[PDB]
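> Handing you this structure, nothing more for now.
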Amino acid sequence: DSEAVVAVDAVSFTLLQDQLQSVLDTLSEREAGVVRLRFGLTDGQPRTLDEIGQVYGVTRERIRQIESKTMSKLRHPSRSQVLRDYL
Amino acid sequence: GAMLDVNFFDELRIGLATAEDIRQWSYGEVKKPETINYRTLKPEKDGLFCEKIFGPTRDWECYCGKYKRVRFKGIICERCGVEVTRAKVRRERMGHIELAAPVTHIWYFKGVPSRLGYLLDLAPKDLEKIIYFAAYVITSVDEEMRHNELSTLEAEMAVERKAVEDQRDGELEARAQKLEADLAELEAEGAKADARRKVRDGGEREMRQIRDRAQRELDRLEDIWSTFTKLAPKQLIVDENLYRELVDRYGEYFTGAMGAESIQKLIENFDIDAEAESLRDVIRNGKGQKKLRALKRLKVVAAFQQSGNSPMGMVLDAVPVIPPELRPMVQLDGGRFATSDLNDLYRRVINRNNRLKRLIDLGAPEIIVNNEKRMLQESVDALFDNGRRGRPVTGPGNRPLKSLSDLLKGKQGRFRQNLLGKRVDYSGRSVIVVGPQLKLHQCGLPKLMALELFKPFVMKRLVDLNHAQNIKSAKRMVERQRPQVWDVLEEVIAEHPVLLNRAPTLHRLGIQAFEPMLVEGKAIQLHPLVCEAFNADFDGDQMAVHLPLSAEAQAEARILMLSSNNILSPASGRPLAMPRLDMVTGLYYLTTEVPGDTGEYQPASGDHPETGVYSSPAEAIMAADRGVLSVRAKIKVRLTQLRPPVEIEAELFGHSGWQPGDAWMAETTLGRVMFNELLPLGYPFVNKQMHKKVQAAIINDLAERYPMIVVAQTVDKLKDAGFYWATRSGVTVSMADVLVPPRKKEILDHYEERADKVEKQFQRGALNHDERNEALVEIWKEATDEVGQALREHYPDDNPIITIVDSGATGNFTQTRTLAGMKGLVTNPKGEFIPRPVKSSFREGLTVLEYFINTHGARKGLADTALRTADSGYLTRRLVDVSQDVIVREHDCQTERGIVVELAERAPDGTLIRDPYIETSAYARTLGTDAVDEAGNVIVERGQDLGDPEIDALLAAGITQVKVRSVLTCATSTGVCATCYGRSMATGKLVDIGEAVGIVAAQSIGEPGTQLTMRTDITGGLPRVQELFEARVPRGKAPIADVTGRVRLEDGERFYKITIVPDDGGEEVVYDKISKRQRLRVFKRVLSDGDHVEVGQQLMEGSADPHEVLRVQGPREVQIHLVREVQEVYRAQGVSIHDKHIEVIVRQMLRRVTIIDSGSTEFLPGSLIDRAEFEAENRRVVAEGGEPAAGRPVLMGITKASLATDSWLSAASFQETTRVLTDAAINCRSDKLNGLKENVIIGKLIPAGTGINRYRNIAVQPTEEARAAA
Amino acid sequence: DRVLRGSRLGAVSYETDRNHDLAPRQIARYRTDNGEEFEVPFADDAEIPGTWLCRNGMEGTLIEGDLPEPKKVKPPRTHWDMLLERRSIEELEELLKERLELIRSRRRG
DNA sequence: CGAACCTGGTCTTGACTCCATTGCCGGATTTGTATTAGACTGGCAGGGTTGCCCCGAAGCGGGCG
DNA sequence: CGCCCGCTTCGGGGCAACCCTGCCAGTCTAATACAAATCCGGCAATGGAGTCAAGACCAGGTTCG
Ligand SMILES: [Mg+2]
Ligand SMILES: [Zn+2]
Ligand SMILES: [Zn+2]
């Protein structure tokens, strides 16, 4: 039955969620909130740039610059050496 | 009740489901015989896989994709119609079909009692004609319309028959007219006088056949009129033309149909109350055959009347559909598909239902619609049980299809294959080798297998030690097997018990728990002492390794099932960690004594002192390391740390003979000193020759008197010294060490001369063939014993063969006699003895014909072993299921009843000669009464363990009979108490309050059934035991007496006759059919004529019937006869079972009593009910109007006893799954989940051992003083 | 010539099983002819159809008084239609008069 | 001593790009139903195997109204 | 007088152990005519979502006259 649960990748997924929580919480509040709303972590549907600019009281261009700067931040080896083995 | 199954259950009620329940379970009606679209592989709409009916295939997705995530959950897509949810509801939602015409359920039509036939009082031959469109049935009729149209229609009938007779005499008149015409054209011209009457005879025969036709239709009209007068409901009408004539003449006055609709009409017009009251009247007043038939009917009629059930659910108006995930259409790799064999039956039912609906709406003649309805009926019957009625439905390749009942029946069902025994995870399997350096509680383990057993433990541990960043690289590190994972594996292995299985598991000691340790290679190393308990040699046997996970299972394997805690056996109480083959030979060589060896004790004078004494065993060991002392010479050492025996203790030290600084001289060998150093400090000096029975007695005493850890360490030391002295013993086999007797040829010639004399006398016709065969058999048996005697006296004592035999290591003297000497007589394919016998030994080499003669018995025994092993497995399976609900519940039932024990019967000269079977009939029990003698003091009081010192005290004080307490007379409600069961065999103390003594007793009885030989008209092996526990009437049925008095013997023609004269005013009891192959009973001499016999005296010779011996002597003697007869079979092979293992099964036999009077409370005459439930119902009925239901105790076999239990789940899981389940659903029997097998099925915690409420609810807290110290 | 690895035709995802919020939804009450009531929870913004195929197995209508009148199709083919496509009214009337005269001659002659 | 500066961001405005997303529309393919007028009229078909036991039903000897 | 109850015989259903090891079975009147349904290939309405260039600008480290 190939459609069953492999039962080691599920607990690896749980530990991946906790590790990603730690890595995202090592940053500030605006960055982690914009990232989680952008990629849809607290909810199923990912909020778009206009939605996050609405919920943050700004324009979408500031949201996009924040997104670009945080994605430039997260590719550091200090924030990548723990997440590299999860793919 | 519950529907989400929170594992909080107390009942499981089965019931006969109606159409209103069926269309309440179902979610949507399936109406098309399609499964899957052939091109896009999606489930079709309204098919057998429809996503609107059974739920969605994709997680949180509708069919048209309009709602595709969790935020739309619990809603229904307004276009497609699939409720959006998880995809696992395709395993739990059911559908249904709405049939165009009703259909009879096959379980209530075709059984061994047909329940529809017993309910409606119809013959099954008639029922198959009704419900399969073969014969009409009158479902209703009028009374008053028939009453007055009786007169008017008999006037109509007389009018019609008058017109019939008018046409008849009109034919007569036309015959007379044509006859006169023949007269005019015959008797006026020239013709033959016979030819002129040929036309007269032709007209006469024409009138005869005309009145023949008229009389036949007269018979037809009389038949239809008489049948219309005697019309009644439930009457079958075969002969279609008669029914059509009756209908189109008398369309009033009655209705009559054909098929399941007519059966449904009969069940409609039905009252159970007046029917059951008429049946009660018939069983009250009737007699003979009609009383038995009315009882068999009253069973099912009262079953339908008592509960809140309706009989209308035996017909079926709506079939339900099983969910599709239990009959999946899985595709393989590469597009190949696999159905599940129920889709074809469901598709056939769907096809024929749609075609019947179209035929009815189209308007078709009766032939096509009737054939279509019988086709639909046959299809539904084939769906429920293929192969029940008529030919089974075969698929491709002539294989019968797997119907719904075939998922349950037999060995491949859900019960015996997937519910009771499942494949488990965290497991392993490998071959075993002998590991003689391990301690007793250890086991070897290959690291390549323990790395896969302990994978998540080692994953967590090497994540914790920073050898990997996370679990993923740790798993890849385990898969690549990097050189640090072993260093982690030792830490995660240490102090973690594992279970080691061996298949087949005969008894309780087939699973023991060891401590593993890492061992190179790939073989599970085993301790050489658990081989006897496992019954495993090293010829390539494999053993499966399991693994506990939680703390409860780890403590269970550490405490309950550890290998160093099970030394004794639960069957007989003898040790099963005793020294086996090589250890026995080593200790026998180490402790034997040779007269005149190197450096003995010779008491000398003149030349020197004795030169045999020593200061200490250290000096003895130094003088044996130098070549002066042999180990087995009689020396006189002075010992300091070995405790002397009782004689020398009371002689030298008297009372305080504590050793470890004292000194005393001891004339022994060196070897017995080295042996007694193995045994502990408190043990007295043994000073014997260690035969295997002496080692059995030593370990038995040492395990009865000392703690268990001392016994385990002593057994380990004994294994070490036994192996080390087994190498140096010098037991080897060479063909110069197999000596032959010197006088073999003279003995063979002397017996050959007598064989020649017998053959010559047969040649001279003085005796027939059978007598000369018996004479030759006797002569050569005598010759075989003579050659064995001469061979026994020829050998020395230090021959390796005779040392291996006489030291009790292995083998017996018949094998040495066949090695050297004479093979003897060989059996036949039938079992006779060929009078040839083989005179060559296996050392001299046999010849061709002697080898070919030997092969008969060899192949016969080798086939019989495997057949008997399968039979013994079946018997153990029956006994475990029967005795499964006998567990200890209290500490003391406080009864005063108890059986007696013979216990060393009186010698006629006058002593107390000991009975041989005291170890298997009186040890380890509790004294039910006191024991006193000569109006003196009590020797053993009430309630003692009754071990060996108390037995010796009783025998020395000179009493013989005691009343002992046992589980036949235990007065607890559910299961036995604890003092009735007495001492447990495996521990040595009193049995606990949670033991499963029933399964222990069943395993201890059915384990050694493989070793039970058989013989060359009474059964004397395993089928004798099987006919005892099943309580059949035996083959050699010997009658017994029924009264005291003398006999009237008669030697009749080819069979005897025996009549017993009573000592009272009764008729003399006659026993007629007693064949001449039976012989008379011998007692004290053989039976004479006029001999005064007792009540329960066996008249003939053979096997008495247990059913009769219960009726004559009551339930006490039937316990004695059944226990003695089973023990007499098992002790023939030298196998000891304690009698408390047999009394458990006998107690489960004699539970229920029969009903011979109903009383006035709900008890049918002939229904077997429990002794507790029936006697409590007498308590309820002595009040509120007093009459007792009269009952007499019955004895029933084990298949008959286990099926009539209180749970329909344990009974259906045992045997005959259909016939148990079908009448459980009639009576609406509700299980209570109270036994032992049902908790195994539904997966809750069993009520035995550590599962009961005494032990499961223990509060564990630190004490208050240790709380303050932290 | 491969390994027996099966898969049911469908995927299994795993997302957050949260019940604290869902989409808002209505409940429509459908009624069949034989006195049955059924509840089908549609979403809020959903064009509720006037008819529905019920769980019982029969086409139930909606309990609000919509009265859609769907104007169903004709019954497909009759034996009368297959007779009329190959015969005419006067010929069928002629055979009717033929059988009428035959039953008259059988009845009274 | 003050003062430019230079650069973290913080944020907005405005233009640009680009790809989903329905919507017709025209045609392609896919699927379902109706209709064929000389005469034709009750199946091929495949095996029968054990042993033991229990029990329920058919049928026959034997008396009875 | 035919009618019906004890015996006997015949037949149907159930069971007959337990560990590995295994990986897929068949076939014969054949077309037209049409219509409805579904799909698919290709622009055409966007229009929103994102991308980029530039800049307005708040104000704290950083380096000169
Ligand atoms: Mg073996
Ligand atoms: Zn949908
Ligand atoms: Zn008791």
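Each chain of the structure tokens is named A, B, ... in the order shown, its residues numbered from 1; ligands are numbered from 1 in display order.
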Residues near stretch 45-60 of chain E, anyone? I mean within 10 Å using only C-alpha atoms (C1' of nucleotides), not counting same-chain ones fewer than 3 positions away, as a PyMOL selection string.
(chain A and resi 48-50+60-61+64) or (chain D and resi 7-23)
> Create the file for the chosen residues now, containing N, CA and C atoms (P, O5', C5', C4', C3', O3' and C1' of nucleotides) and written as a CSV table (one decimal), in the first residue's frame.

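As a result, result.csv now contains:
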```csv
chain,number,residue,atom,x,y,z
A,48,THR,N,-1.4,37.7,-0.2
A,48,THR,CA,-0.6,38.3,-1.2
A,48,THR,C,0.0,39.6,-0.6
A,49,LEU,N,0.8,40.3,-1.5
A,49,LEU,CA,1.5,41.5,-1.0
A,49,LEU,C,0.6,42.6,-0.7
A,50,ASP,N,-0.6,42.7,-1.5
A,50,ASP,CA,-1.6,43.7,-1.2
A,50,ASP,C,-2.3,43.4,0.1
A,60,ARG,N,2.2,47.9,-1.0
A,60,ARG,CA,2.8,46.6,-1.3
A,60,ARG,C,4.3,46.7,-1.7
A,61,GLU,N,4.8,47.9,-2.0
A,61,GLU,CA,6.2,48.0,-2.4
A,61,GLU,C,7.1,47.9,-1.2
A,64,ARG,N,7.2,44.3,-0.5
A,64,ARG,CA,8.1,43.5,-1.4
A,64,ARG,C,9.5,43.8,-1.2
D,7,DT,P,27.4,55.9,2.0
D,7,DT,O5',27.4,55.8,3.6
D,7,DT,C5',27.2,54.6,4.3
D,7,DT,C4',25.8,54.5,4.8
D,7,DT,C3',24.8,53.6,4.0
D,7,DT,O3',24.3,52.5,4.7
D,7,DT,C1',23.8,55.6,4.7
D,8,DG,P,23.8,51.2,4.0
D,8,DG,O5',22.4,50.9,4.7
D,8,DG,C5',22.4,49.8,5.7
D,8,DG,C4',21.6,50.3,6.9
D,8,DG,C3',20.1,50.2,6.9
D,8,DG,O3',19.6,48.9,7.3
D,8,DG,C1',20.7,52.3,7.7
D,9,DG,P,19.0,47.9,6.2
D,9,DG,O5',17.5,48.5,6.0
D,9,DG,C5',16.5,48.5,7.1
D,9,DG,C4',16.2,50.0,7.4
D,9,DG,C3',14.7,50.3,7.3
D,9,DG,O3',14.1,50.4,8.6
D,9,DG,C1',16.3,52.0,6.5
D,10,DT,P,12.6,49.8,8.7
D,10,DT,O5',11.7,51.1,9.3
D,10,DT,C5',12.0,52.4,8.8
D,10,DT,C4',10.9,53.0,8.1
D,10,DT,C3',9.9,52.0,7.4
D,10,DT,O3',8.6,52.3,7.8
D,10,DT,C1',10.6,53.6,5.8
D,11,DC,P,7.3,51.5,7.2
D,11,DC,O5',6.9,52.4,6.0
D,11,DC,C5',6.8,53.8,6.1
D,11,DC,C4',6.7,54.4,4.7
D,11,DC,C3',5.8,53.8,3.8
D,11,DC,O3',4.5,54.4,3.8
D,11,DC,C1',7.7,54.7,2.7
D,12,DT,P,3.3,53.8,2.9
D,12,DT,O5',3.4,54.7,1.6
D,12,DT,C5',3.6,56.1,1.7
D,12,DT,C4',3.9,56.8,0.4
D,12,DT,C3',3.0,56.4,-0.8
D,12,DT,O3',2.3,57.5,-1.2
D,12,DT,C1',5.3,56.3,-1.4
D,13,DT,P,1.1,57.4,-2.3
D,13,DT,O5',1.8,57.7,-3.7
D,13,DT,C5',2.8,58.7,-3.8
D,13,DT,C4',3.3,58.8,-5.2
D,13,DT,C3',2.3,58.4,-6.3
D,13,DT,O3',2.3,59.4,-7.3
D,13,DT,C1',4.3,57.2,-6.6
D,14,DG,P,1.1,59.4,-8.4
D,14,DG,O5',1.7,58.8,-9.7
D,14,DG,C5',3.0,59.3,-10.1
D,14,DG,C4',3.7,58.3,-11.1
D,14,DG,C3',2.7,57.6,-12.1
D,14,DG,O3',3.1,58.0,-13.4
D,14,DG,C1',4.2,56.1,-11.1
D,15,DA,P,2.1,57.6,-14.6
D,15,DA,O5',3.0,56.5,-15.4
D,15,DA,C5',4.3,56.7,-15.8
D,15,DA,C4',5.1,55.5,-16.0
D,15,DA,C3',4.5,54.5,-17.0
D,15,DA,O3',5.4,54.2,-18.1
D,15,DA,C1',5.1,53.3,-15.1
D,16,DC,P,5.0,53.3,-19.3
D,16,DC,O5',5.5,51.9,-18.9
D,16,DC,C5',6.7,51.6,-18.3
D,16,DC,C4',6.9,50.2,-18.0
D,16,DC,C3',6.3,49.2,-19.0
D,16,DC,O3',7.3,48.2,-19.3
D,16,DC,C1',5.6,48.6,-16.9
D,17,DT,P,7.1,47.2,-20.6
D,17,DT,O5',7.2,45.8,-19.9
D,17,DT,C5',7.2,45.6,-18.5
D,17,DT,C4',7.1,44.2,-18.1
D,17,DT,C3',6.5,43.2,-19.1
D,17,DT,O3',6.8,41.9,-18.7
D,17,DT,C1',5.0,43.5,-17.4
D,18,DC,P,6.9,40.7,-19.7
D,18,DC,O5',6.8,39.5,-18.7
D,18,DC,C5',6.4,39.7,-17.4
D,18,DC,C4',5.2,38.8,-17.1
D,18,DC,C3',4.6,38.1,-18.2
D,18,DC,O3',4.0,36.9,-17.8
D,18,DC,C1',3.0,39.5,-17.4
D,19,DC,P,4.2,35.5,-18.6
D,19,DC,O5',3.8,34.4,-17.5
D,19,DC,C5',3.6,34.8,-16.2
D,19,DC,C4',2.1,34.8,-15.8
D,19,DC,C3',1.2,33.7,-16.6
D,19,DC,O3',0.3,33.1,-15.6
D,19,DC,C1',0.3,35.8,-16.9
D,20,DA,P,-0.2,31.6,-15.8
D,20,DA,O5',-1.7,31.7,-15.3
D,20,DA,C5',-2.0,31.6,-13.9
D,20,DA,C4',-3.2,32.4,-13.5
D,20,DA,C3',-4.6,31.8,-13.7
D,20,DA,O3',-5.5,32.3,-12.7
D,20,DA,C1',-4.4,33.8,-14.9
D,21,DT,P,-6.8,31.4,-12.3
D,21,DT,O5',-7.9,32.5,-12.3
D,21,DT,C5',-7.9,33.6,-13.1
D,21,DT,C4',-9.1,33.7,-14.0
D,21,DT,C3',-9.6,32.4,-14.5
D,21,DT,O3',-10.9,32.4,-14.8
D,21,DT,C1',-9.0,33.7,-16.3
D,22,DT,P,-12.0,32.6,-13.6
D,22,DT,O5',-13.3,31.8,-14.1
D,22,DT,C5',-13.4,31.5,-15.5
D,22,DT,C4',-13.9,32.8,-16.2
D,22,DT,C3',-15.0,32.6,-17.2
D,22,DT,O3',-15.8,33.8,-17.2
D,22,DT,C1',-13.1,33.4,-18.3
D,23,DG,P,-17.3,33.7,-17.7
D,23,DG,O5',-17.2,34.0,-19.3
D,23,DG,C5',-16.5,35.0,-19.8
D,23,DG,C4',-16.7,35.1,-21.3
D,23,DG,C3',-17.7,34.2,-21.9
D,23,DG,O3',-18.5,34.8,-22.9
D,23,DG,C1',-15.6,33.8,-22.9
```
> Mind the document's chain letters and residue numbers, and return as a list in words the residues of chain C that DSSP labels strand (DSSP E).
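Assigned to strand (DSSP E), within chain C: residues 28, 29, 30, 31, 37, 38, 39, 40, 51, 52, 53, 59, 60, 61 and 62 of chain C.
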> Show me which residues line ligand 1, defined as having an atom within 6 Å of a ligand atom where only C-alpha atoms (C1' of nucleotides) and all ligand atoms count, and present them as a count of residues only.
5
> Any residue with an atom at most 10 Å from ligand 2 counts, using only C-alpha atoms (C1' of nucleotides) and all ligand atoms. Which are they? Put them as JSON, numbers by chain.
{"B": [52, 61, 62, 63, 64, 65, 66, 67, 68, 76, 77, 78, 79, 80, 81, 82, 83, 84]}
> Could you write out the selected residues, including N, CA, C and O atoms, as an mmCIF file, in the first residue's frame?

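For reference, selection.cif as written:
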```cif
data_model
loop_
_atom_site.group_PDB
_atom_site.id
_atom_site.type_symbol
_atom_site.label_atom_id
_atom_site.label_comp_id
_atom_site.auth_asym_id
_atom_site.auth_seq_id
_atom_site.Cartn_x
_atom_site.Cartn_y
_atom_site.Cartn_z
ATOM 1 N N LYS B 52 -20.053 10.691 -4.753
ATOM 2 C CA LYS B 52 -21.165 11.308 -4.045
ATOM 3 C C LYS B 52 -21.687 10.385 -2.955
ATOM 4 O O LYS B 52 -22.027 10.836 -1.857
ATOM 5 N N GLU B 61 -11.236 17.461 -1.369
ATOM 6 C CA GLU B 61 -11.457 17.839 -2.754
ATOM 7 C C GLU B 61 -12.801 17.303 -3.210
ATOM 8 O O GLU B 61 -13.126 16.140 -2.967
ATOM 9 N N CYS B 62 -13.572 18.146 -3.884
ATOM 10 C CA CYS B 62 -14.816 17.698 -4.489
ATOM 11 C C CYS B 62 -14.507 17.064 -5.840
ATOM 12 O O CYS B 62 -13.351 16.835 -6.201
ATOM 13 N N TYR B 63 -15.546 16.781 -6.615
ATOM 14 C CA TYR B 63 -15.360 16.114 -7.895
ATOM 15 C C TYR B 63 -15.027 17.094 -9.008
ATOM 16 O O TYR B 63 -14.258 16.759 -9.913
ATOM 17 N N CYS B 64 -15.592 18.294 -8.964
ATOM 18 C CA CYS B 64 -15.344 19.293 -9.990
ATOM 19 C C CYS B 64 -14.269 20.290 -9.594
ATOM 20 O O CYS B 64 -14.030 21.247 -10.335
ATOM 21 N N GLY B 65 -13.626 20.098 -8.448
ATOM 22 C CA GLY B 65 -12.515 20.939 -8.059
ATOM 23 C C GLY B 65 -12.870 22.337 -7.615
ATOM 24 O O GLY B 65 -11.967 23.165 -7.467
ATOM 25 N N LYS B 66 -14.151 22.631 -7.386
ATOM 26 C CA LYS B 66 -14.542 23.979 -6.996
ATOM 27 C C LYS B 66 -14.152 24.309 -5.564
ATOM 28 O O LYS B 66 -13.993 25.488 -5.235
ATOM 29 N N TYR B 67 -13.988 23.304 -4.712
ATOM 30 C CA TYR B 67 -13.584 23.495 -3.325
ATOM 31 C C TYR B 67 -12.437 22.539 -3.065
ATOM 32 O O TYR B 67 -12.601 21.325 -3.211
ATOM 33 N N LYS B 68 -11.276 23.072 -2.690
ATOM 34 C CA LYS B 68 -10.092 22.226 -2.723
ATOM 35 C C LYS B 68 -9.205 22.399 -1.501
ATOM 36 O O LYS B 68 -8.019 22.055 -1.549
ATOM 37 N N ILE B 76 -21.122 20.681 0.927
ATOM 38 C CA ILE B 76 -21.377 19.854 -0.241
ATOM 39 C C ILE B 76 -21.350 20.756 -1.462
ATOM 40 O O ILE B 76 -22.007 21.802 -1.474
ATOM 41 N N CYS B 77 -20.558 20.378 -2.462
ATOM 42 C CA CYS B 77 -20.515 21.124 -3.710
ATOM 43 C C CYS B 77 -21.866 21.078 -4.408
ATOM 44 O O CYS B 77 -22.392 20.003 -4.702
ATOM 45 N N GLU B 78 -22.422 22.257 -4.679
ATOM 46 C CA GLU B 78 -23.755 22.365 -5.256
ATOM 47 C C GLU B 78 -23.822 21.912 -6.705
ATOM 48 O O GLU B 78 -24.926 21.738 -7.225
ATOM 49 N N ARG B 79 -22.690 21.729 -7.372
ATOM 50 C CA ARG B 79 -22.678 21.210 -8.728
ATOM 51 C C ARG B 79 -22.396 19.720 -8.769
ATOM 52 O O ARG B 79 -23.198 18.950 -9.302
ATOM 53 N N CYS B 80 -21.272 19.293 -8.200
ATOM 54 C CA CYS B 80 -20.896 17.889 -8.285
ATOM 55 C C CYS B 80 -21.664 17.040 -7.282
ATOM 56 O O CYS B 80 -22.272 16.034 -7.659
ATOM 57 N N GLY B 81 -21.659 17.426 -6.013
ATOM 58 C CA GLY B 81 -22.412 16.719 -5.003
ATOM 59 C C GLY B 81 -21.598 15.943 -4.000
ATOM 60 O O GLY B 81 -22.183 15.276 -3.143
ATOM 61 N N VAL B 82 -20.278 16.009 -4.067
ATOM 62 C CA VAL B 82 -19.419 15.276 -3.149
ATOM 63 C C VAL B 82 -19.172 16.137 -1.923
ATOM 64 O O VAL B 82 -18.700 17.270 -2.043
ATOM 65 N N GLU B 83 -19.497 15.606 -0.748
ATOM 66 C CA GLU B 83 -19.211 16.306 0.497
ATOM 67 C C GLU B 83 -17.707 16.345 0.708
ATOM 68 O O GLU B 83 -17.046 15.305 0.678
ATOM 69 N N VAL B 84 -17.162 17.540 0.896
ATOM 70 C CA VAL B 84 -15.716 17.710 0.954
ATOM 71 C C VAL B 84 -15.207 17.425 2.365
ATOM 72 O O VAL B 84 -15.607 18.074 3.335
#
```
> Kindly work out which residues sit at most 7 Å from ligand 3, using only C-alpha atoms (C1' of nucleotides) and all ligand atoms, and give the list as a ChimeraX atom specification.
/B:892-895,967,969-972,976-980
> Contacts from chain E to chain B, 8 Å maximum, only C-alpha atoms (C1' of nucleotides): show me the residue list as a ChimeraX atom specification.
/E:13-14,16-19,25-26
> With only C-alpha atoms counted and 8 Å as the cut-off, give the residues of chain B in contact with chain A, each with its shortest interatomic distance in Å and the pair that gives it, as a Markdown table.

```
| residue | atom | partner | partner_atom | distance |
| --- | --- | --- | --- | --- |
| B:69 | CA | A:44 | CA | 7.8 |
| B:70 | CA | A:44 | CA | 7.8 |
| B:71 | CA | A:44 | CA | 7.9 |
| B:469 | CA | A:82 | CA | 6.9 |
| B:470 | CA | A:85 | CA | 7.7 |
| B:471 | CA | A:12 | CA | 6.7 |
| B:472 | CA | A:85 | CA | 6.9 |
| B:473 | CA | A:85 | CA | 6.6 |
```
> Keeping only N, CA and C atoms, take the residues you just selected and write them out as a JSON list (two decimals), in the first residue's frame.

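As written to disk, out_34.json reads:
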```json
[["chain", "number", "residue", "atom", "x", "y", "z"],
["B", 69, "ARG", "N", -9.74, 22.91, -0.40],
["B", 69, "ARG", "CA", -8.92, 23.01, 0.80],
["B", 69, "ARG", "C", -9.79, 22.91, 2.04],
["B", 70, "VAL", "N", -9.12, 23.03, 3.19],
["B", 70, "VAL", "CA", -9.73, 22.66, 4.46],
["B", 70, "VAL", "C", -10.73, 23.72, 4.91],
["B", 71, "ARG", "N", -10.62, 24.93, 4.36],
["B", 71, "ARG", "CA", -11.54, 26.00, 4.75],
["B", 71, "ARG", "C", -12.95, 25.71, 4.28],
["B", 469, "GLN", "N", 22.99, 16.16, 12.56],
["B", 469, "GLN", "CA", 22.31, 17.43, 12.78],
["B", 469, "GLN", "C", 20.85, 17.22, 13.14],
["B", 470, "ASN", "N", 20.19, 16.25, 12.51],
["B", 470, "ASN", "CA", 18.78, 16.01, 12.75],
["B", 470, "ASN", "C", 18.49, 14.55, 12.46],
["B", 471, "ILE", "N", 17.20, 14.22, 12.41],
["B", 471, "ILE", "CA", 16.79, 12.83, 12.27],
["B", 471, "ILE", "C", 17.05, 12.31, 10.86],
["B", 472, "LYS", "N", 17.06, 13.20, 9.86],
["B", 472, "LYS", "CA", 17.20, 12.76, 8.48],
["B", 472, "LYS", "C", 18.62, 12.29, 8.19],
["B", 473, "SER", "N", 19.61, 13.11, 8.57],
["B", 473, "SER", "CA", 20.99, 12.69, 8.40],
["B", 473, "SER", "C", 21.35, 11.55, 9.35]]
```
> For residue D:55, work out the shell of residues within 12 Å, counting only C-alpha atoms (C1' of nucleotides) and skipping chain neighbours fewer than 2 positions away, then give it as a list in words.
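Those residues are residues 112 and 113 of chain B; 53 and 57 of chain D; 10, 11, 12 and 13 of chain E.
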> I need the residue nearest residue C:12 from this list: B:131, B:180, B:59, B:14. Use only C-alpha atoms for the distance.
B:59
> Would you pick out the contacts of stretch 38-50 of chain C at 8 Å or less, using only C-alpha atoms (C1' of nucleotides), so that residues sharing its chain but fewer than 2 positions from it are not included, and give the list as number ranges by chain?
B: 74-78; C: 23-31, 36, 52, 54-55, 61-62, 66, 68
> Give me, as a ChimeraX atom specification, all polymer residues having an atom no more than 9 Å from stretch 1169-1179 of chain B, counting only C-alpha atoms (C1' of nucleotides) and skipping those fewer than 5 positions away in the same chain.
/B:973,1151-1155,1159,1161,1163,1186-1189,1191,1193
> Return the neighbours of chain E among the residues of chain C, cut-off 12 Å, counting only C-alpha atoms (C1' of nucleotides), as a PyMOL selection string.
chain C and resi 1-5
> Return as JSON, numbers by chain the residues belonging to chain C that are within 9 Å of chain A, counting only C-alpha atoms.
{"C": [5, 6, 7, 8, 10, 11, 12, 15, 16]}
> For the structure I just gave you, how does DSSP split chain A - specifically, which residues are helix (DSSP H, G or I)? Reply as a ChimeraX atom specification.
/A:9-25,29-39,49-56,60-74,77-79,84-86
> Find the spatial neighbours of residue A:55, counting only C-alpha atoms (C1' of nucleotides), within a cut-off of 12 Å - ignore same-chain residues fewer than 6 positions away - and output them as a list in words.
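Within the cut-off, the hits are residues 30, 33, 34, 37, 38, 47, 48, 49 and 63 of chain A.
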